[PDB]
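Quick reminder, even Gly has a Cβ in these numbers, built from the backbone with ideal geometry, and neighbours come from all protein chains shown. Bear in mind these aren't lab numbers, they're just calculated from the coordinates by the rules spelled out.
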Protein chains: 4
Amino acid sequence: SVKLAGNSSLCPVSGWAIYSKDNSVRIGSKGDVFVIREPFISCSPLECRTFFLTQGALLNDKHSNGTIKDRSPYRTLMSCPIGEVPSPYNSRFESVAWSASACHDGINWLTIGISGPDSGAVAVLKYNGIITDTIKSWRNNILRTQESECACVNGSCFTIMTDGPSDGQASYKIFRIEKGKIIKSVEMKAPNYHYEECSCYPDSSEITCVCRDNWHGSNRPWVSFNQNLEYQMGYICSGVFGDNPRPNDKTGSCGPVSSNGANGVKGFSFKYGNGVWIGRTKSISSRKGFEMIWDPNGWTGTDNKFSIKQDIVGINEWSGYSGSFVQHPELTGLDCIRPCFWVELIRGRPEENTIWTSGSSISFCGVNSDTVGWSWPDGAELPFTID
Amino acid sequence: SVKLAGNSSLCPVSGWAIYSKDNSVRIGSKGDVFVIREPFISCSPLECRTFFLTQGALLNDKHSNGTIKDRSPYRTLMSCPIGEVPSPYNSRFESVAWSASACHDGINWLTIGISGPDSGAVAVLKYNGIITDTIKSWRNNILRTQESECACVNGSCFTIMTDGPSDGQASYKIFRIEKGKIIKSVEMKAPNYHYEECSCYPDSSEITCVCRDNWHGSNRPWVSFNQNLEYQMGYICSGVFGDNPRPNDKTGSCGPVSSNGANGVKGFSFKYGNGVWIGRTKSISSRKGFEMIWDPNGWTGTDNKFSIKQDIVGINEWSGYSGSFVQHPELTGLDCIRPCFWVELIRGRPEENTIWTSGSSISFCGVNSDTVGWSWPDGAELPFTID
Amino acid sequence: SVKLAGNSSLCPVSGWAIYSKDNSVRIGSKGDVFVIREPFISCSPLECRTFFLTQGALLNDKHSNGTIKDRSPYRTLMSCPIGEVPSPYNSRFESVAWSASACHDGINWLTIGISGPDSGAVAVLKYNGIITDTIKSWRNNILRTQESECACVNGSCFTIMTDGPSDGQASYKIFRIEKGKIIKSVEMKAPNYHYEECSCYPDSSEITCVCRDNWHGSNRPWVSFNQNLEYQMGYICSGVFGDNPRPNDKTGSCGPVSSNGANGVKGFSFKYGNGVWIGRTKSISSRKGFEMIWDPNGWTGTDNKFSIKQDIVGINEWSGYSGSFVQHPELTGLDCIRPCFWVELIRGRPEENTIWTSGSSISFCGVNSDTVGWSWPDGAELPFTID
Amino acid sequence: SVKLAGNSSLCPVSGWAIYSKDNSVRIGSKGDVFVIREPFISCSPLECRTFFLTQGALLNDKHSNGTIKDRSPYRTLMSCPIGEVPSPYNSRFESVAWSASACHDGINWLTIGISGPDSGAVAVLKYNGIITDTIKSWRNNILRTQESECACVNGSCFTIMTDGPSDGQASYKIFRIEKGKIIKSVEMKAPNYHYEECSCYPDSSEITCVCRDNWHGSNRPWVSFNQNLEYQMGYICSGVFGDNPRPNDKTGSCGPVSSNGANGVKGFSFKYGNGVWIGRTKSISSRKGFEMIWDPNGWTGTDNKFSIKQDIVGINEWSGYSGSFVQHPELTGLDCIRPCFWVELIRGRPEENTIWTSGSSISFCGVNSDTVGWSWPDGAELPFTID
Ligand SMILES: *[C@@H]1O[C@H](CO)[C@@H](O[C@@H]2O[C@H](CO)[C@@H](O[C@H]3O[C@H](CO)[C@@H](O)[C@H](O[C@H]4O[C@H](CO)[C@@H](O)[C@H](O)[C@@H]4O)[C@@H]3O)[C@H](O)[C@H]2NC(C)=O)[C@H](O)[C@H]1NC(C)=O
Ligand SMILES: *[C@@H]1O[C@H](CO)[C@@H](O[C@@H]2O[C@H](CO)[C@@H](O[C@H]3O[C@H](CO)[C@@H](O)[C@H](O[C@H]4O[C@H](CO)[C@@H](O)[C@H](O)[C@@H]4O)[C@@H]3O)[C@H](O)[C@H]2NC(C)=O)[C@H](O)[C@H]1NC(C)=O
Ligand SMILES: *[C@@H]1O[C@H](CO)[C@@H](O[C@@H]2O[C@H](CO)[C@@H](O[C@H]3O[C@H](CO)[C@@H](O)[C@H](O[C@H]4O[C@H](CO)[C@@H](O)[C@H](O)[C@@H]4O)[C@@H]3O)[C@H](O)[C@H]2NC(C)=O)[C@H](O)[C@H]1NC(C)=O
Ligand SMILES: *[C@@H]1O[C@H](CO)[C@@H](O[C@@H]2O[C@H](CO)[C@@H](O[C@H]3O[C@H](CO)[C@@H](O)[C@H](O[C@H]4O[C@H](CO)[C@@H](O)[C@H](O)[C@@H]4O)[C@@H]3O)[C@H](O)[C@H]2NC(C)=O)[C@H](O)[C@H]1NC(C)=O
Ligand SMILES: *[C@@H]1O[C@H](CO)[C@@H](O)[C@H](O)[C@H]1NC(C)=O
Ligand SMILES: *[C@@H]1O[C@H](CO)[C@@H](O)[C@H](O)[C@H]1NC(C)=O
Ligand SMILES: *[C@@H]1O[C@H](CO)[C@@H](O)[C@H](O)[C@H]1NC(C)=O
Ligand SMILES: *[C@@H]1O[C@H](CO)[C@@H](O)[C@H](O)[C@H]1NC(C)=O
Ligand SMILES: [Ca+2]
Ligand SMILES: [Ca+2]
Ligand SMILES: [Ca+2]
Ligand SMILES: [Ca+2]
Ligand SMILES: [Ca+2]
Ligand SMILES: [Ca+2]
Ligand SMILES: [Ca+2]
Ligand SMILES: [Ca+2]
Ligand SMILES: [Ca+2]
Ligand SMILES: [Ca+2]
């Protein structure tokens, strides 16, 4: 076991090849499957796992009632092997949490699970499943984190957290964590920015985060930083708007695009020089569909011209959160960091006539060989017996 | 693999950070979950496990009928990873038992499971799952033990057992066990004391046990001893009464507090010099709620003044047994022994209109970083389909 | 990994301490548990497992219908950890089989699973789960074997098989197996003897088998042999008759006791010089109850006087097959071979108004410390929802 | 870990000894079992696994509806230990796929899972579960592969794929894969041949594939090649026709036998000089029954005379796909490559009045010791509760 270097560059990719699909809600129709949301993938040097926040209940059970609510004392962070349904019989317990992050530094797992009341939430940090540190809300307004993987470089793992209104300017801090212990932190000087649910990846020894602006931006804000938490911020300039909801594609902005900027969805993007791989919903108003768009100058250009589009989920099928995850050369044997992504396909409320809300997941990896667009939807036919 | 030293002191702590929550009864509403009671946690140098006494039946099944009864030939001691529901598909069989203890000496697991009729019960000792010794009732009145973890120091593990009335003076013996073999035992000279269900931990090479007085004490009795079974006894003097039921807090006693002293609940406390961390119910009459109270002079002072209170379970929510467990530096890499505790949240009879009784569990670990009180209740809505 | 020596003597024992109980049929009331019969235990140098012949169906399912039938193409030999219920989610597949044996030689598992039609059955031998040899029926009348563990000594494992009438004289052959390969075999010259379902154990470098006489003996026949298959035969002389059905205890015979000698039950006994540990049913006509009886001269004496009786299963509770299993010093660290036994508790047909038949299991190990009799019954209340 | 040599010859065999039977559909009657088809076995140097294409649904669940359809975005390739039912609680996720192959090169697993629309399918190659390469349809007509194990020799694994009409001449390419990376490929010059679902095995450092002619041949086509993809092609000449449907046995052809040549079934055969071990259906019109036939000159002779027939599945019981798999000497310790085969027993549509289609599996290994014919059918009684 050797700590991840995190010193190679992102691998340029031409398309996305399908990696996993769990069919959790269909299997959950009769079988014993957790009610979950906020799934995300993270890999160790040996295996890849699906992390998820359960609601402490099973599908098609009465306790799945009201699971449109995001936070409660019953939600717990657990994990299972990629592609497998999150079941009590195959899942590892990670932490009690309604907001989370996780990553492997090359030696052991780091987990961050937030509980503590909305009035004063506390993040529980675990290293190899043992509590190693905590950090409590400093704004008393729903302390919250990535809902995707943290990024690790040379024995250090890095993440972001938000505390404050999701309806206005809040406070965002970046953390450097070593062996589950917070080593240093910094408050961003980001007036008029909004950061939530960052999807972060390492690239050439530094970390880049693409996040969600729930306040007033339909493009995605980003933050990049070195190991000392020296930061840079901005918004993706491409007119290929990445958030949901959003306007129809047009001339973009290097600042928050106010039109349809309120609310949003967790998402991701990969920066390549002036170019960007953008993952987004197909519908501009609800989380339907999913597509990957290559915009060769979208990081810095405000135009709406792109070069490649790959279908991921059909436009009439439900989608949801999406996030980045990487496979390090220590795992793959490649000479660069492999970009991958996962997609949450949310079924039930608020779009469907159920008493419950849960998601399935699909994942893809970036390749330079041939790929094809298709639709890999959840595919469950709702409602269920419980309704 | 190296035997646990057990030679460092307890880590002083400022609050308790949540470690696990299993939601067993809610998940058990439809899924396959054991009917259990008397859960407790114990860790090896590599992992932490939840031990429990099953009743040999599943939740929401007819065989869960009458599970308010504590002893029967169907109850068995099994274990699973922390935070996971006790299921037949993820649980390791330990012993046939209606009273139990368990611990890791640094090399392998020691288990103690009692069966034998109330007229003549026999404790089955297992080391690495192999029977290594037995000890039979010497008073012919329900031989019984900790229902929490034993304590290990330098290759020796130590525990307590009771035989006799729970309605009056009984007989209590302390045991030194090495590799599952009883090495030495001693009968306490404890007239007017009552010891049941001790929660024991090691501290600076000696073991301290905080127990339950079911006869006539609403404060908790304690016993401390060295490796040779040289013992000291007393009651926690703090007016913060730790047992349940109990009187309202007032001036305490260094002897058994007779007021509301009958009956009780398994509990724990951590001794720090003259100070004590007290875990107790919030209601004085039924096992509702749970709270942690720091009484800087409560071990030896009879006053009711305390310095810190941390909410654990809301006052209107059901609780139950609680017990100590430790994480040794051999596991954590710390330079002191980490205090933790678990809480059993009993649902069903006798408080609720069910045919069955079972519990879920939550656990916390002591830290010096920021924490917050909240309520982490079982959260199942009873009754169930079976009723 | 070192091959088992098998060169120490049996450990003298004073009582039997309970080792495992699975509660399979009660748990199977709702949960997913195999329909099984003929369970038996065998240990490796690291773990102990329950082997069993499934009927390829689950409890409380329509496919459990008619499972009173012993042989069919759907029965398979599988195994799980001791004490755990045989479930599709925790069970290892061993072989397709309606008659079986298994053992560990110190290096890997040997399995023997018989299929082939009653007209021509074929035993499939597996070593580390890989087919290594076969042997087909030589009498074309239900080739069958121990239904308990084989015995291993210095890299060789030994067993017995029967082919022919169970209503009269049949043919019995002893096998020496090395790494799953039959090395040598011999046909017994046993006129007027009947051998079925031998429970075999090693003792001081030789193997002893206690079996079932289904033809005309209510005492148990035995066979002992060295590694070259040089054999000795006889019947246990004790008037403590070990088979079921059987007469009331009286003066025994060193030959087959004709009274109530027809039919029988798989059983076991441990030979100690002229003494014997006898396990038997409590009822003389049906498989109810179970008890352990020490008859200090019962191997060679025809009297009915015994010294010790230990209750195992109450007289009004259903029992069934019983068999020997040993724990070798290579596993325990003892200086002798530990005698243990298991009991099958058959529920359903033919004694109960069900459509199905299945069993649970209990097991005990011999000790010289204090023990107690009790009753550890199956405890399920029949019939079930399927009936 | 050492790469498989693949340099020994096939072991001559006299009969087939039963190796596994999963009873998946019967167990699935109540328990949680995947809807699957196209099962196949492949072994590593340590274990043997059942691979299968799920339909992302469970038996006796509404989502099993319409599972007669072969391709959809919900089907995924997963695996479990041999003999165990494919369940979400014991199955490893492999790939998203409606057509598949898998094999172990001695070091790690190679998986090939095809998705991409019928208009442009993409094969996802995984090595140790990590995507290593892709190949997309070149004829835009359902890119498809073996549905059985690939063959590995000296660090290289080899397989076949088809693209084009199954109603006429299509295009077939052979691939050499090293560590999950396609190293070289070649298009066959096979006018008037048709290759689908090849069952491939290594033999004396070269690979032989026996396949399915869905266009116009009732005998099976074959392809053999060395490591450089230098190929030879033909049809099995034996009048023992191997495909289904097929004519009654008569004088065969070394070319495609046009009579009843349309449609077919995945199958296998083992070439031994001029001889052949033929596995086939018992019915000539539907996939009923299964039998093994030794035709000592059937590879090159057009006659219908054979020497050995072994019953595998009774003529009135449902069967389906069959395929080859081998156990290498690296696993067995033998001095030759062991021939084995598996059989899929399809239950439900289109032969039975259900809403669903799924299969169980049986497997056998070639031996020179005594064997017997019998019938090992699926044995489930349909329809089920869902219908
Ligand atoms: C998922 O959660 C939903 C939210 O709680 C549940 O809906 C709730 O169901 C409860 C119970 O039926 C209901 O409570 C009240 O309102 C009822 C009318 O809507 C009313 O009938 C109830 O009271 C009457 O009956 C009781 C008992 O006889 C009397 O004591 C009362 O005096 C009165 O006569 C009660 O006032 C909620 O209204 C309802 N909520 C919503 C939003 O609809 C779902 O049932 C639940 N699903 C599952 C599967 O558990
Ligand atoms: C959990 O255990 C509880 C305790 O055993 C069960 O309650 C028991 O249910 C039984 C069976 O119904 C019942 O037995 C007797 O009393 C009945 C009235 O209470 C009476 O009706 C029964 O006898 C009558 O019917 C039988 C059959 O027709 C006749 O042979 C009799 O002559 C008579 O006509 C019988 O006397 C217990 O009373 C009852 N116990 C309690 C404490 O209520 C629960 O049913 C059980 N739950 C589950 C889900 O299994
Ligand atoms: C476990 O297995 C048992 C043994 O098979 C089952 O019992 C069997 O149930 C079948 C089906 O009901 C039954 O078959 C015949 O006999 C019936 C009377 O006993 C008779 O009614 C049946 O035929 C009639 O109905 C059919 C359909 O309408 C007509 O085609 C016929 O012409 C006739 O009108 C049929 O002759 C067996 O008798 C019965 N066996 C025994 C021993 O009782 C159990 O049902 C089964 N349990 C489960 C849960 O599967
Ligand atoms: C497995 O899949 C099968 C294929 O989809 C299902 O069969 C389908 O069931 C649906 C729903 O019942 C049915 O849809 C239509 O046709 C019905 C008559 O066959 C018709 O009654 C339906 O419409 C009527 O009712 C609706 C609602 O009240 C109205 O809006 C309509 O205007 C009309 O009044 C509808 O047109 C399919 O016909 C049917 N398909 C087949 C091939 O039979 C199975 O139900 C399914 N099984 C399970 C367990 O899910
Ligand atoms: C990446 O990290 C490794 C391991 O520390 C180091 O040896 C190597 O120089 C780094 N590679 C590059 C290209 O900087
Ligand atoms: C604790 O135990 C270790 C291991 O035996 C020993 O080396 C060390 O001296 C002890 N530490 C203290 C502080 O006594
Ligand atoms: C038992 O076997 C061991 C291992 O082969 C051998 O060394 C030893 O001499 C034997 N013991 C006795 C008492 O014969
Ligand atoms: C088979 O392969 C091994 C390993 O590479 C080699 O040493 C051996 O010569 C080969 N055997 C034969 C018979 O060619
Ligand atoms: Ca937005
Ligand atoms: Ca652009
Ligand atoms: Ca269930
Ligand atoms: Ca008390
Ligand atoms: Ca005080
Ligand atoms: Ca007899
Ligand atoms: Ca006697
Ligand atoms: Ca179920
Ligand atoms: Ca054909
Ligand atoms: Ca021929």
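Which residues, counting only those in segment A:346-377, are of a type in the set (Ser, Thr, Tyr) and farther than 16 Å from residue A:322 by Cβ? Give the derivation first.
Initially, segment A:346-377 is screened for residues of a type in the set (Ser, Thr, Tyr), giving A:354, A:357-358, A:360-361, A:363, A:369, A:371, A:375.
If the condition is that a residue be of a type in the set (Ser, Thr, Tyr) and farther than 16 Å from residue A:322 by Cβ, then A:354, A:357, A:358, A:369, A:371 are the ones that fit.
For residues in segment D:156-169 being part of a strand (DSSP E or B) and away from chain A (no Cβ under 14 Å), which is surrounded by the fewest Cβ atoms within 10 Å (Cβ to Cβ)?
Here is the first cut: in segment D:156-169, the residues part of a strand (DSSP E or B) are D:156-163.
Going one step further and asking which of them are away from chain A (no Cβ under 14 Å), we end up with D:156-160, D:162.
Details: D:156: 20, D:157: 30, D:158: 24, D:159: 26, D:160: 25, D:162: 26.
Selected residue: D:156.
Filter segment A:299-312 down to residues that are of a type in the set (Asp, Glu) and part of a strand (DSSP E or B), then give me how many there are. Don't jump to the end; show me each part of the working.
Going through segment A:299-312, the residues of a type in the set (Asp, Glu) turn out to be A:303, A:311.
So of that shortlist, the ones also part of a strand (DSSP E or B) come out as A:311.
Residues in segment A:299-312 being of a type in the set (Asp, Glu) and part of a strand (DSSP E or B): 1 in total.
Restricting to segment C:152-177, give me the number of residues that are more than 26 Å from residue C:117 (Cα to Cα) and in contact with a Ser or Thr (Cβ under 8 Å, 6 or more places away or on another chain).
Number of matching residues: 2.
Could you list, in sequence order, the residues of segment A:59-86 that are touching a helix residue (DSSP H, G or I) at 6+ places or on another chain (Cβ under 9 Å) and not charged (D, E, K, R)?
Once the filter is applied, which keeps residues that are touching a helix residue (DSSP H, G or I) at 6+ places or on another chain (Cβ under 9 Å) and not charged (D, E, K, R), segment A:59-86 yields A:59, A:63, A:74, A:85, A:86.
Do you know which of the residues in segment D:350-367 that are in contact with a helix residue (DSSP H, G or I) (Cβ under 8 Å, 6 or more places away or on another chain) and not hydroxyl-bearing (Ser, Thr, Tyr) is farthest from ligand 3 (Cβ to nearest atom)?
Restricting to residues being in contact with a helix residue (DSSP H, G or I) (Cβ under 8 Å, 6 or more places away or on another chain) and not hydroxyl-bearing (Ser, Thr, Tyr), the top hit is D:359.
Looking at segment C:1-31, which of the residues that are more than 16 Å from residue C:334 (Cβ to Cβ) and touching a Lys or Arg at 6+ places or on another chain (Cβ under 7 Å) is farthest from the other protein chains (Cβ to nearest Cβ)?
C:25
Go through the residues of segment A:40-55 one by one and say whether even a single one is within 14 Å of chain D (Cβ to nearest Cβ), away from ligand 18 (no atom under 16 Å from the Cβ), among the aliphatic types (A, V, I, L, M) and out of contact with any helix residue (DSSP H, G or I) (no Cβ under 6 Å at 6 or more places or on another chain). First the steps, then the outcome.
The initial filter retains those residues of segment A:40-55 that are within 14 Å of chain D (Cβ to nearest Cβ), namely A:41, A:43-50.
Then drop every residue that is not away from ligand 18 (no atom under 16 Å from the Cβ), which leaves A:41, A:43-50.
After this cut, where a residue has to be among the aliphatic types (A, V, I, L, M) as well, the list is A:41, A:46.
Checking the rest, the ones that are also out of contact with any helix residue (DSSP H, G or I) (no Cβ under 6 Å at 6 or more places or on another chain) come to A:41, A:46.
Within segment A:40-55, one or more residues are within 14 Å of chain D (Cβ to nearest Cβ), away from ligand 18 (no atom under 16 Å from the Cβ), among the aliphatic types (A, V, I, L, M) and out of contact with any helix residue (DSSP H, G or I) (no Cβ under 6 Å at 6 or more places or on another chain).
Give the residue, chosen from C:210, C:186, that is touching a residue at least 40 places away in the same chain (Cβ under 8 Å), in contact with a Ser or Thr (Cβ under 8 Å, 6 or more places away or on another chain) and assigned to a strand (DSSP E or B). Give the steps one after another, and end with the answer.
Values: C:186 fails: in contact with a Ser or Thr (Cβ under 8 Å, 6 or more places away or on another chain).
Every option except C:210 fails the conditions.
May I ask you to list pairs of residues, at least six apart or on different chains, whose Cβ atoms are under 7 Å apart, with the first in segment D:349-371 being under 27 Å from residue D:58 (Cα atoms) and touching a residue at least 24 places away in the same chain (Cβ under 8 Å) and the second being of a type in the set (S, T, N, Q) and part of a strand (DSSP E or B)?
D:349/D:357; D:361/D:50; D:362/D:20; D:363/D:20
Taking the stated definitions as given, is residue B:248 closer than 30 Å to residue B:348 by Cβ, surrounded by fewer than 17 Cβ atoms within 10 Å (Cβ to Cβ) and more than 17 Å from the chain's Cα centre (by Cα)? Spell out the reasoning first.
On the way: closer than 30 Å to residue B:348 by Cβ: yes; surrounded by fewer than 17 Cβ atoms within 10 Å (Cβ to Cβ): yes; more than 17 Å from the chain's Cα centre (by Cα): yes.
Considered against the rule, which asks whether it is closer than 30 Å to residue B:348 by Cβ, surrounded by fewer than 17 Cβ atoms within 10 Å (Cβ to Cβ) and more than 17 Å from the chain's Cα centre (by Cα), residue B:248 comes out as yes.
Could you say which residue among C:110, C:77, C:143, C:58 is of a type outside the set (D, E, K, R), within 14 Å of chain B (Cβ to nearest Cβ) and more than 16 Å from ligand 1 (Cβ to nearest atom)?
On the way: C:110 fails: within 14 Å of chain B (Cβ to nearest Cβ); C:77 fails: within 14 Å of chain B (Cβ to nearest Cβ); C:143 fails: within 14 Å of chain B (Cβ to nearest Cβ).
Result: C:58 is the single residue among C:110, C:77, C:143, C:58 that is of a type outside the set (D, E, K, R), within 14 Å of chain B (Cβ to nearest Cβ) and more than 16 Å from ligand 1 (Cβ to nearest atom).
On the basis of being out of contact with any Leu (no Cβ under 7 Å at 6 or more places or on another chain), within 10 Å of another protein chain (Cβ to nearest Cβ), under 21 Å from residue B:386 (Cα atoms) and of a type outside the set (D, E, K, R), does residue B:91 make the cut?
Numbers: out of contact with any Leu (no Cβ under 7 Å at 6 or more places or on another chain): yes; within 10 Å of another protein chain (Cβ to nearest Cβ): yes; under 21 Å from residue B:386 (Cα atoms): no; of a type outside the set (D, E, K, R): yes.
For residue B:91, the condition - out of contact with any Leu (no Cβ under 7 Å at 6 or more places or on another chain), within 10 Å of another protein chain (Cβ to nearest Cβ), under 21 Å from residue B:386 (Cα atoms) and of a type outside the set (D, E, K, R) - is not met.
Within the bounds of segment C:334-345, is there any residue that is on the phi > 0 side of the Ramachandran plot, more than 10 Å from every other protein chain (Cβ to nearest Cβ) and of a type outside the set (D, E, K, R)?
Step one: filter segment C:334-345 for residues on the phi > 0 side of the Ramachandran plot, giving none.
No, there is no match, as no residue in segment C:334-345 is on the phi > 0 side of the Ramachandran plot, more than 10 Å from every other protein chain (Cβ to nearest Cβ) and of a type outside the set (D, E, K, R).
Is there a residue being without any contact (Cβ under 8 Å) to a residue 40 or more places away in the chain and surrounded by 20 or more Cβ atoms within 10 Å (Cβ to Cβ) anywhere in segment C:263-270?
Here is the first cut: in segment C:263-270, the ones without any contact (Cβ under 8 Å) to a residue 40 or more places away in the chain are none.
Checked segment C:263-270: no residue is without any contact (Cβ under 8 Å) to a residue 40 or more places away in the chain and surrounded by 20 or more Cβ atoms within 10 Å (Cβ to Cβ).
Within segment B:313-366, which residues are assigned to a strand (DSSP E or B), surrounded by fewer than 24 Cβ atoms within 10 Å (Cβ to Cβ) and among the basic types (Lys, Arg)?
Across segment B:313-366, the qualifying residue is only B:338.
Only residues in segment A:217-231 that are free of Cβ contacts under 8 Å to residues at least 60 places away in the same chain and buried (at least 18 other Cβ atoms within 10 Å of the Cβ) count as the first member; pair them with residues that are in a strand (DSSP E or B) and of a type in the set (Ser, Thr, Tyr), Cβ under 6 angstrom, at least 6 apart or cross-chain, and list the lot.
A:219/A:235; A:221/A:235
Within segment B:101-159, take every residue that is out of contact with any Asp or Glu (no Cβ under 9 Å at 6 or more places or on another chain) and of a type in the set (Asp, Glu) and give me the one that is nearest to ligand 11 (Cβ to nearest atom).
Checking each candidate, the answer is B:149.
Just a yes or no: is a residue in segment B:201-212 under 24 Å from residue B:359 (Cα atoms) and of a type in the set (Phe, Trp, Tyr)?
Among the residues of segment B:201-212, at least one is under 24 Å from residue B:359 (Cα atoms) and of a type in the set (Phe, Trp, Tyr), which makes the answer yes.
Tally up the residues in segment A:50-79 that are farther than 26 Å from residue B:371 by Cβ and surrounded by fewer than 24 Cβ atoms within 10 Å (Cβ to Cβ), please. Walk me through how you get there before you give the answer.
So the first thing to find is which residues in segment A:50-79 are farther than 26 Å from residue B:371 by Cβ, and the list is A:50, A:57-68.
Checking the rest, the ones that are also surrounded by fewer than 24 Cβ atoms within 10 Å (Cβ to Cβ) come to A:60-62, A:65-66, A:68.
Count: 6.
When residues of segment A:70-88 are filtered for being touching a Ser or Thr at 6+ places or on another chain (Cβ under 9 Å) and either among the acidic types (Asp, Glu) or farther than 20 Å from residue B:90 by Cα (or both), how many remain?
6
Can you tell me which residue among A:288, A:305 is away from ligand 17 (no atom under 16 Å from the Cβ) and closer than 26 Å to residue A:10 by Cα? Write out each step before concluding.
On the way: A:288 fails: closer than 26 Å to residue A:10 by Cα.
Matching residue, one of A:288, A:305: A:305.
Of the residues in segment D:367-387, how many are small (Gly, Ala, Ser) and crowded, with 22+ Cβ neighbours inside 10 Å? First the steps, then the outcome.
As a first pass, look at segment D:367-387 and keep what is small (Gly, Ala, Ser): D:369, D:373, D:375, D:379-380.
Next cut, crowded, with 22+ Cβ neighbours inside 10 Å only: D:380.
So the answer is 1.
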